[PDB]
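> Have a look at this one before I ask anything.
Basis: the model, the stated rules and, where named, an outside source; none is laboratory data. Note that each Cβ is placed from the backbone with ideal geometry, even for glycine, and that neighbours are counted across all protein chains shown.
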Amino acid sequence: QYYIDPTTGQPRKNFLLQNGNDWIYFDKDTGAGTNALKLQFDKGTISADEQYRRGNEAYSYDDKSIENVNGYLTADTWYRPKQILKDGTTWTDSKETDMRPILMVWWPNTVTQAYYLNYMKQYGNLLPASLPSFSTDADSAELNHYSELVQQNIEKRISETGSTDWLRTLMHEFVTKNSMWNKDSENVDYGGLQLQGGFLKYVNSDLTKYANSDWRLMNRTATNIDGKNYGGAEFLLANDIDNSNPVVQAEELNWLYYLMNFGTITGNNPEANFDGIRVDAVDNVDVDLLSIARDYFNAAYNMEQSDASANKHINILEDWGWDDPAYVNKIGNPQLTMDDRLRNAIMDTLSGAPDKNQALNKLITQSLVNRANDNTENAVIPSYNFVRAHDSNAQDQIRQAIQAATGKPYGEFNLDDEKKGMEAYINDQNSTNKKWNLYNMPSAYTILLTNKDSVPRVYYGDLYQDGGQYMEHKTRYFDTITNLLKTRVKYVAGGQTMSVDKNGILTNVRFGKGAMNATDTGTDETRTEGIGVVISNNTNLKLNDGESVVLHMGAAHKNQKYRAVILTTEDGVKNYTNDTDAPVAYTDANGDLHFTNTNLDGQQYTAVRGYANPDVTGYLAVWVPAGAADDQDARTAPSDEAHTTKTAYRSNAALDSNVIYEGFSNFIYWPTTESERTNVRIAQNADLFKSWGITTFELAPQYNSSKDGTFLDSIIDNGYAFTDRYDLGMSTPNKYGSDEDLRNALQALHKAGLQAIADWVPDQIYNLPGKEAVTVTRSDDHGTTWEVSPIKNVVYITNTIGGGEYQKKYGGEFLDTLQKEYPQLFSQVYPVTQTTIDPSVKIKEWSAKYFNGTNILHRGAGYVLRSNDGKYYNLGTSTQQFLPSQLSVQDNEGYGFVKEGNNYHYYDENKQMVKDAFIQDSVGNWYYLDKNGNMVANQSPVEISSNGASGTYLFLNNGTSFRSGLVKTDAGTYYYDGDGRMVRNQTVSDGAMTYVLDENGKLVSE
Ligand SMILES: [Ca+2]
């Protein structure tokens, strides 16, 4: 049973003993003896190589086991191996927290494997710094050695750090350096409205069925209702809402109702609702939305009944396309079109530099209205107009100034950078030669605010400096533009004429309330109303001797004293806010005012000539009748008379009596004190706005910013880039204040008699935190397939699930009230979808099925893992269960140690019989397959070369190579060393033992 040395009580372990014809083997652990001849190979034995491959297979197909999205794997997937290469040395059952990167054991091809090896060496220090780079010509047996070496090194570092945080960072840095896993494979392109460098459209697939849609009707704008034309671009920014899906349409109506009742709903406060909407991004959404909004306002407010009804809810469109006005008029002018022809006329003739401005005649004709002799009402398409807006000649130039002032890439800035750029911007604004600011602002606003048949919109950043706390600092134009605004209320009314003379000088007249043509004699109030404007854009203007400029003030204004409102001087302008001290001019018997190159009655600045200063490049003079009462008001109230046409607004004296104020800039700073909050300040200044004749205050969009930095909107947090549509400063303040500050602002505007506009932004939503696998195609801004992209019908990981708590709370929640109060809204058929909205499903959380697509996300065409034949790996959730072979169980039949006849063989990974080779099992035993592939197991010394000269080996009957032990035979005792080779002619130590072996290997002593 045990073999002890009676002179040392020491047991011999791992000892092979001949006793007559019997052989006894005394084992390694306790020296317990067994019949050596009956030792048997363990049928369940597996090789060290096999152990290695099995250790690395996935522990299971559990969602917990393998990081996935809708069952799909990504380059960033980590998983739970069956075993973990403990400290790079000991295979040990994984724990559920033992997540390992799939890229530690799998690569899409040998080049990426080579690149991984190079990267882990160079940036990971997971291989010797002095190892040569691996080239695409790297041998696989070679790649695989170093790959295992790297895994051994990852596991040693985890043993040392107790962590994989570092390995997450490192592996993702590697991932993002592979084109197939970054923007390089996404065909980045900024053409058209690819503002963020490209789009991916969502398409139906059996692979991502939960993201399918029956809708996604794209580009169905005013010019493309039937989808047979091109339309406006469906795709603009972020996650594009599918506004063609009738369920989404019902949700847009729900949201609209929320905005229009915001004060009642969120504060039980009937003075804190919005009164109108701005429809943002009109030409990037299904034009059904304009009809849905109209229909709601008709049901709730009876817009089409009369001007008095419609004008209580002034709505506007952000509709850039020049074919849109005709369509807006045809559907009943439910929201006012802009007049982009007219704004461009101003841009082309006043706002450019002296060497750019064109002939002023364009102001007369390039518009929805021809203003040569505008002597009628209710006869043109009603519209609003503006010189600037938060994103029209503001945000681009302000970024140009920031870039120039700081040197940073366009569009990249911190707040310090913003302030520096603003300083440069305002300095430029105050210069005669402007790089980033429009020219002739006084003349431009004079045109804006004296035109007939227009609702003018004043821009915050022309009154106050664009960047700064709200209303922190005035522009150089504040006095000028507010003078114009107050003068508009007091004097501007009646018919208009515009003409440009032989000298290129524009004469613009309004006759005053009660007079439509120059020949009208007017009513009682006409005499001291009206206005006359002289504008040139010619900085070198010089009238010859005897030449003149004549304003035809008209038959109501014969032999009348006029006084100046604005005159141009060498260095700027002079404003006169009333009659006191204002230079005077008299009309003749015909109502004509005459000006020349000579001053009137010794009054400086009453001659006409060209100037060039920070205000005026050309000439500006504006004149009104002297002797108006201080309270004169030339506006017209809207009539209650029933409309005889299907329209909300009508272009007439009452509509013209309105002025919109776009009361924000993108570059308002976040407040440092509660008192700096925009909406607190708006509440404090309602009477001021009223004094300028503002009748509706356009607030910024109030949605809390997503703050994700993916577009200017979510860099300066203006409210156009948001995750939660219903969160208006509610979860936390927006840039303008809390929801209570917003409601107090609405209540204050109302107290002063002003309306308030909600910016309705149905086009998109940003920064949804939940990942979703979706089949997509790289496309342009119209959803047209990007022909050279390999991303066609490819599963891609999108960020499409979420929408915030207020979307959850309020989503679809007003649909019941709507159907009860206004059932007509639910039977209306819309022209694009050709069906009704669908309130049967409430949207409380967004997902891909409700989106047309997304901007490209820079994850790479190949981010979602697929085999070489194009089959997607999957846990089985969304498609066939399928994993990389490195992660799968294999059929071991005919592989590894296989008995055949009276012999054992070993078949390698190619199912090829191994010959003349040593193989180690998973528990450290060594076996030798002979030159015929037969395992040696005959317990007889045998000569084998493993590399050089032959060594003498001995294999027990179970096939194991006998090593580090004695063999005692009747003819002598021999010692086999740790390599399994007989030792001859030397003295050796084996732990506590020292053995002396003679030249035949016989033990001489121990
Ligand atoms: Ca869209």
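> For the stretch 615-639, which residues satisfy the criterion of being in contact with an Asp or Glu (Cβ under 8 Å, 6 or more places away or on another chain) and either free of Cβ contacts under 8 Å to residues at least 12 places away in the same chain or in a loop (DSSP other than H, G, I, E, B) (or both)?
Once the filter is applied, which keeps residues that are in contact with an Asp or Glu (Cβ under 8 Å, 6 or more places away or on another chain) and either free of Cβ contacts under 8 Å to residues at least 12 places away in the same chain or in a loop (DSSP other than H, G, I, E, B) (or both), the stretch 615-639 yields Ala626, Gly627, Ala628, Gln632, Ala634, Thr636, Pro638, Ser639.
> Tally time: how many residues in the stretch 553-566 are buried (at least 19 other Cβ atoms within 10 Å of the Cβ) and over 48 Å from the mean Cα position of the chain (by Cα)? Reasoning before the result, please.
Residues of the stretch 553-566 that are buried (at least 19 other Cβ atoms within 10 Å of the Cβ), as a first pass: 553-554, 556-557, 560, 562-566.
Still in the running and over 48 Å from the mean Cα position of the chain (by Cα): 553-554, 556-557, 560, 562-564.
Going through the stretch 553-566 one residue at a time, the tally reaches 8.
> Failed condition for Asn254, given (1) within 16 Å of the ligand (Cβ to nearest atom); (2) of a type outside the set (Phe, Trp, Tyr); (3) surrounded by 20 or more Cβ atoms within 10 Å (Cβ to Cβ), with all others met?
Here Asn254 clears every test but (1).
Per-residue answers, yes or no, for (1) surrounded by fewer than 23 Cβ atoms within 10 Å (Cβ to Cβ); (2) more than 24 Å from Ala637 (Cα to Cα); (3) not acidic (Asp, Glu):
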{"site": "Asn315", "(1), (2), (3)": "no, no, yes"}
{"site": "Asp323", "(1), (2), (3)": "yes, yes, no"}
{"site": "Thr337", "(1), (2), (3)": "no, no, yes"}
{"site": "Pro354", "(1), (2), (3)": "yes, yes, yes"}
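> Name the strands (runs of 3 or more DSSP E) wholly inside the stretch 888-1006 in which the number of residues that are of a type in the set (A, V, I, L, M, F, W, C) is 2 or more.
Working: elements: 896-900, 903-907, 917-920, 926-929, 942-944, 951-953, 965-969, 972-976, 986-990, 993-997, 1003-1005.
Those strands (runs of 3 or more DSSP E) span 896-900, 917-920, 926-929, 942-944, 965-969, 993-997, 1003-1005.
> Also, I was wondering about something else. Quick check: anything in the stretch 722-739 within 16 Å of the ligand (Cβ to nearest atom) and outside any strand (DSSP E or B)? Even if it seems obvious, please write down each step before you answer.
We begin by selecting, within the stretch 722-739, every residue within 16 Å of the ligand (Cβ to nearest atom); these are 722, 725.
After this cut, where a residue has to be outside any strand (DSSP E or B) as well, the list is 725.
Among the residues of the stretch 722-739, at least one is within 16 Å of the ligand (Cβ to nearest atom) and outside any strand (DSSP E or B), which makes the answer yes.
> Among the residues of the stretch 690-710, are any buried (at least 21 other Cβ atoms within 10 Å of the Cβ), charged (D, E, K, R), part of a strand (DSSP E or B) and on the phi < 0 side of the Ramachandran plot? Please lay out each step first, then the result.
First, pick out the residues of the stretch 690-710 that are buried (at least 21 other Cβ atoms within 10 Å of the Cβ): 693-694, 696-706.
When the remaining residues are screened for being charged (D, E, K, R), the result is 698.
Remaining after also requiring part of a strand (DSSP E or B): 698.
From the residues that got through so far, the ones that are on the phi < 0 side of the Ramachandran plot too are 698.
Looking through the stretch 690-710, at least one residue is buried (at least 21 other Cβ atoms within 10 Å of the Cβ), charged (D, E, K, R), part of a strand (DSSP E or B) and on the phi < 0 side of the Ramachandran plot.
> Looking at the stretch 453-465, can you tell me whether even one residue there is in contact (Cβ under 8 Å) with a residue 60 or more places away in the chain and farther than 22 Å from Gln755 by Cβ? Steps first, please.
Looking only at the stretch 453-465, we keep the residues that are in contact (Cβ under 8 Å) with a residue 60 or more places away in the chain, and these are 453-462, 464.
Filter once more, so that each one left must be farther than 22 Å from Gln755 by Cβ: none.
Within the stretch 453-465 (the criterion being in contact (Cβ under 8 Å) with a residue 60 or more places away in the chain and farther than 22 Å from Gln755 by Cβ), the answer is no, since none of the residues qualifies.
> Can you go through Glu186, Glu142, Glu173 and tell me which one is more than 37 Å from the chain's Cα centre (by Cα), assigned by CATH to the domain that holds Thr89 and not polar (S, T, N, Q)?
Working: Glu186 fails: more than 37 Å from the chain's Cα centre (by Cα); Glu173 fails: more than 37 Å from the chain's Cα centre (by Cα).
Unique residue meeting the criteria: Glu142.
> Okay, next question. Looking at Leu207, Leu200, which is the one that is away from the ligand (no atom under 16 Å from the Cβ) and either assigned by CATH to the domain that holds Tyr79 or out of contact with any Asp or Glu (no Cβ under 8 Å at 6 or more places or on another chain) (or both)?
Values: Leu200 fails: away from the ligand (no atom under 16 Å from the Cβ).
Sole residue among the options that is away from the ligand (no atom under 16 Å from the Cβ) and either assigned by CATH to the domain that holds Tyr79 or out of contact with any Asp or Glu (no Cβ under 8 Å at 6 or more places or on another chain) (or both): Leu207.
> When you check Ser65 against the structure, is it among the small types (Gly, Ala, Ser) and more than 19 Å from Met171 (Cα to Cα), yes or no? Don't jump to the end; show me each part of the working.
On the way: among the small types (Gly, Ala, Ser): yes; more than 19 Å from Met171 (Cα to Cα): no.
Considered against the rule, which asks whether it is among the small types (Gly, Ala, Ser) and more than 19 Å from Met171 (Cα to Cα), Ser65 comes out as no.
> Got at least one residue in the stretch 659-679 being closer than 25 Å to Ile346 by Cα, out of contact with any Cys (no Cβ under 7 Å at 6 or more places or on another chain) and basic (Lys, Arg)? Outline the logic, then answer.
Taking the stretch 659-679 as the starting set, the residues that turn out to be closer than 25 Å to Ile346 by Cα are 659-667.
Next, from what is left, pick out any that are out of contact with any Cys (no Cβ under 7 Å at 6 or more places or on another chain): 659-667.
Pick out the ones that are also basic (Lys, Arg) and you get none.
No; the residues of the stretch 659-679 include none that is closer than 25 Å to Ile346 by Cα, out of contact with any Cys (no Cβ under 7 Å at 6 or more places or on another chain) and basic (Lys, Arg).
> Write out, first by first residue and then by second, each pair whose Cβ atoms fall under 9 Å of each other, whose residues are 6+ apart or on separate chains, and whose first residue, in the stretch 257-281, is within 18 Å of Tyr822 (Cβ to Cβ) while the second is assigned to a loop (DSSP other than H, G, I, E, B) and within 16 Å of the ligand (Cβ to nearest atom).
Correct list of pairs: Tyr258/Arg725.
> Limited to the stretch 301-339, what total is found for residues that are free of Cβ contacts under 8 Å to residues at least 60 places away in the same chain and of a type in the set (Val, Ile, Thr)?
2
> Hey, another quick one. Condition first: under 13 Å from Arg510 (Cβ atoms) and either surrounded by fewer than 21 Cβ atoms within 10 Å (Cβ to Cβ) or of a type outside the set (A, V, I, L, M, F, W, C) (or both). Now tell me which residues in the stretch 478-488 satisfy that.
If the condition is that a residue be under 13 Å from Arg510 (Cβ atoms) and either surrounded by fewer than 21 Cβ atoms within 10 Å (Cβ to Cβ) or of a type outside the set (A, V, I, L, M, F, W, C) (or both), then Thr487, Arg488 are the ones that fit.
> Considering only residues that are touching a residue at least 24 places away in the same chain (Cβ under 8 Å) and hydrophobic (A, V, I, L, M, F, W, C), which ones fall in the stretch 677-704?
Narrowing the stretch 677-704 to residues touching a residue at least 24 places away in the same chain (Cβ under 8 Å): 677-687, 689-704.
Within the stretch 677-704, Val680, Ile682, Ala683, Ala686, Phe689, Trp692, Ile694, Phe697, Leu699, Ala700 meet the criteria.
> Still on this model: Identify all residues within the stretch 118-127 that are in a loop (DSSP other than H, G, I, E, B) and either aliphatic (A, V, I, L, M) or surrounded by fewer than 10 Cβ atoms within 10 Å (Cβ to Cβ) (or both); write none if there are none. Please lay out each step first, then the result.
Just the residues of the stretch 118-127 that are in a loop (DSSP other than H, G, I, E, B), to begin with: 123-127.
Across the stretch 118-127, the qualifying residues are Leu126, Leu127.
> What pairs come up if the first residue lies in the stretch 430-442 and is part of a loop (DSSP other than H, G, I, E, B), the second is β-branched (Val, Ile, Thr), and their beta carbons are under 8 Å apart, counting only those six or more places apart or on different chains?
Taking only residues 6 or more apart or on different chains, the pairs are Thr432/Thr617; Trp436/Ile398; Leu438/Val387; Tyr439/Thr617; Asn440/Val616; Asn440/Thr617.
> For the stretch 854-877, enumerate the residues that are farther than 30 Å from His782 by Cα, touching a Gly at 6+ places or on another chain (Cβ under 8 Å) and crowded, with 20+ Cβ neighbours inside 10 Å.
As a first pass, look at the stretch 854-877 and keep what is farther than 30 Å from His782 by Cα: 867-869, 873-877.
If we keep only those that are touching a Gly at 6+ places or on another chain (Cβ under 8 Å) as well, we get 874-877.
Of everything in the stretch 854-877, those that are farther than 30 Å from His782 by Cα, touching a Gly at 6+ places or on another chain (Cβ under 8 Å) and crowded, with 20+ Cβ neighbours inside 10 Å turn out to be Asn874, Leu875.
> Right, something else. So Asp286 ticks every box in (1) buried (at least 21 other Cβ atoms within 10 Å of the Cβ); (2) more than 26 Å from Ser847 (Cα to Cα) but one. Which box is left unticked?
(2)
> Select from the stretch 210-251 the residues that are of a type outside the set (S, T, N, Q), under 24 Å from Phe297 (Cα atoms) and within 12 Å of the ligand (Cβ to nearest atom) and list them in ascending order. Break it down into steps so the answer makes sense when it comes.
Step one: of the stretch 210-251, the residues of a type outside the set (S, T, N, Q) are 210-211, 214-218, 220, 222, 225-228, 230-238, 240-242, 246-248, 250-251.
Okay, now just the ones that are also under 24 Å from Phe297 (Cα atoms), so 220, 222, 225, 241-242, 246-248, 250-251.
Answer for the stretch 210-251, where residues must be of a type outside the set (S, T, N, Q), under 24 Å from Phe297 (Cα atoms) and within 12 Å of the ligand (Cβ to nearest atom): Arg220, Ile241, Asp242, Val248.
> Taking the stretch 567-594 as the region of interest, how many residues are within 22 Å of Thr526 (Cβ to Cβ) and either among the β-branched types (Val, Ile, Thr) or not in a strand (DSSP E or B) (or both)? Show your work before the answer.
Residues of the stretch 567-594 within 22 Å of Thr526 (Cβ to Cβ): 576, 578-579, 582, 584-594.
Filter again for either among the β-branched types (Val, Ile, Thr) or not in a strand (DSSP E or B) (or both), leaving 576, 578-579, 582, 584, 587-591.
So the count comes out to 10.
> Taking the condition within 16 Å of the ligand (Cβ to nearest atom) and buried (at least 23 other Cβ atoms within 10 Å of the Cβ), does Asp280 pass? Quick ask: steps written out before the conclusion?
Values: within 16 Å of the ligand (Cβ to nearest atom): yes; buried (at least 23 other Cβ atoms within 10 Å of the Cβ): no.
It is false that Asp280 is within 16 Å of the ligand (Cβ to nearest atom) and buried (at least 23 other Cβ atoms within 10 Å of the Cβ).
> Take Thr606 and decide whether it is touching a helix residue (DSSP H, G or I) at 6+ places or on another chain (Cβ under 7 Å) and among the β-branched types (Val, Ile, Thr).
Details: touching a helix residue (DSSP H, G or I) at 6+ places or on another chain (Cβ under 7 Å): no; among the β-branched types (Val, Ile, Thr): yes.
Spelling it out, it is not the case that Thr606 is touching a helix residue (DSSP H, G or I) at 6+ places or on another chain (Cβ under 7 Å) and among the β-branched types (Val, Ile, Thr).
> Here are the criteria: (1) part of a strand (DSSP E or B); (2) out of contact with any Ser or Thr (no Cβ under 7 Å at 6 or more places or on another chain). Tell me which single one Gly870 does not satisfy.
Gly870 satisfies every listed condition except (1).
> Related question: Kindly indicate the residue of the stretch 660-677 that is surrounded by fewer than 22 Cβ atoms within 10 Å (Cβ to Cβ) and either outside the structural domain of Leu746 (by CATH) or acidic (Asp, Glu) (or both) and also nearest to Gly495 (Cα to Cα) among those meeting that condition. So that I can check it myself, show each step before the final result.
Initially, the stretch 660-677 is screened for residues surrounded by fewer than 22 Cβ atoms within 10 Å (Cβ to Cβ), giving 669-676.
The next check asks that each one be either outside the structural domain of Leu746 (by CATH) or acidic (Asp, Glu) (or both); those that pass are 674, 676.
Working: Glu674: 47, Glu676: 43 Å.
Only one residue tops the list, namely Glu676.
> Scan the stretch 213-240 and report the pairs whose first residue is within 18 Å of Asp319 (Cα to Cα) and whose second residue is within 14 Å of the ligand (Cβ to nearest atom) and among the hydroxyl-bearing types (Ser, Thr, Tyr), with Cβ atoms within less than 6 Å and a gap of 6+ or a chain change.
Hits for this filter: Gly231/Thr221; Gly232/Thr221.
> Taking the condition touching a residue at least 40 places away in the same chain (Cβ under 8 Å), away from the ligand (no atom under 16 Å from the Cβ) and in contact with a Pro (Cβ under 6 Å, 6 or more places away or on another chain), does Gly719 pass?
On the way: touching a residue at least 40 places away in the same chain (Cβ under 8 Å): yes; away from the ligand (no atom under 16 Å from the Cβ): yes; in contact with a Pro (Cβ under 6 Å, 6 or more places away or on another chain): yes.
The answer is yes for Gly719.
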